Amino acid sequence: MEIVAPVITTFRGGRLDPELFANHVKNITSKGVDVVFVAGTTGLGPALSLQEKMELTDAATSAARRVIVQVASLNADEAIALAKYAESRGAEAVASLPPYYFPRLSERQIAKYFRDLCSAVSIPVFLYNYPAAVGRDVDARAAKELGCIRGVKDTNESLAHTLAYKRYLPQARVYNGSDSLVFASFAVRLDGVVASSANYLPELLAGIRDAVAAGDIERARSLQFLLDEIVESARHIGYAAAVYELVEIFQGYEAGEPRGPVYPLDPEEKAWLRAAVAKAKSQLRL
């Protein structure tokens, strides 16, 4: 079972910094990340222009051997163009959010979007489902009804919703994206996890996976609860910005910054977070 990192997009001086990005990717893949997922929500995907996603695709595919690229755009031609680009750069798969923002698009519109993406490339197309952010759900039955989905990332608190993709699409690779469900995902033998914490504590996720595989459910659960406490503190100050500071805290190198509306944490927020996780940090035998 795989640890997939929905990797942060590392800005510095207003632009993408591929040196920060490459160092970060090479570190986390050394610590147990199997696959790099670029331009996911944790990577600020919908905030990135097509060219920024191309730059990120180049950086990810030159830093990691296994890369899935998130391609969604509210101009659907851009999703097709980037999917072809990712494929040419050696991505093992592409993924897409369903069309987001607009309420009450039709089922026909959603289906055409995904079918056009599948027609554009030969590599597997993944559904990246995230109803809290997207404002709609493409559930297991709908995903099967599309007729071309070969993988699912379900960023979702409902483990049963995620398991249902394995039921309706027995050949798809299915992953849950909730940090609170890493332990549970391995326990029920999903194909893997795509959790934001693979950015800052990949060795913890690997510890959970190891523990579950050894039958050590108590250790796995304990590691999970430690992770939950860290996530909880981070959510308190703006989770998406905090992920970057958590990388600095736990991995010890510069992680860059997000970009407005996802403004970087200020100095006072960074200091508060460092103290907030100091205890959980000391408890870590990984």
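So that there is no doubt, residue numbering starts at 1 and follows the sequence shown.
So 9 to 17 or 264 to 272, which one's hotter by mean CA B-factor in the entry?
Higher mean C-alpha B-factor in the PDB entry: 9 to 17.
Would you tell me which stretch averages the higher CA B-factor in the PDB entry, 62 to 70 or 39 to 47?
Result of the comparison: 62 to 70.
So if I compare the CA B-factors in the entry for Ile208, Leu169, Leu181, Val194, which one is the largest?
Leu169 has the highest C-alpha B-factor of those listed.
Residue of maximum C-alpha B factor among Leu223, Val33, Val243, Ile237, per deposited coordinates:
It is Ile237.
By its CA B factor, does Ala132 count among the lowest, middle or highest third of the modelled residues in the chain?
For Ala132, whose C-alpha B-factor we compare with every modelled residue in the chain, the answer is the middle third.
Looking at the entry's B-factor column for C-alpha atoms only, identify whether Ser96 ranks in the lowest, middle or highest third of its chain.
As the PDB entry reports it, the C-alpha B-factor of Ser96 lands in the lowest third of its chain.
Chain-relative CA temperature factor third for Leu227
According to the entry, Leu227 has a C-alpha B-factor in the chain's lowest third.
Taking the entry's C-alpha B-factors for this chain, is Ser158 in the lowest, middle or highest third?
As the PDB entry reports it, the C-alpha B-factor of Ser158 lands in the middle third of its chain.
By the record's CA B-factor, is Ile149 among the lowest, middle or highest third of residues in the chain?
Answer is highest: the recorded C-alpha B-factor places it there.
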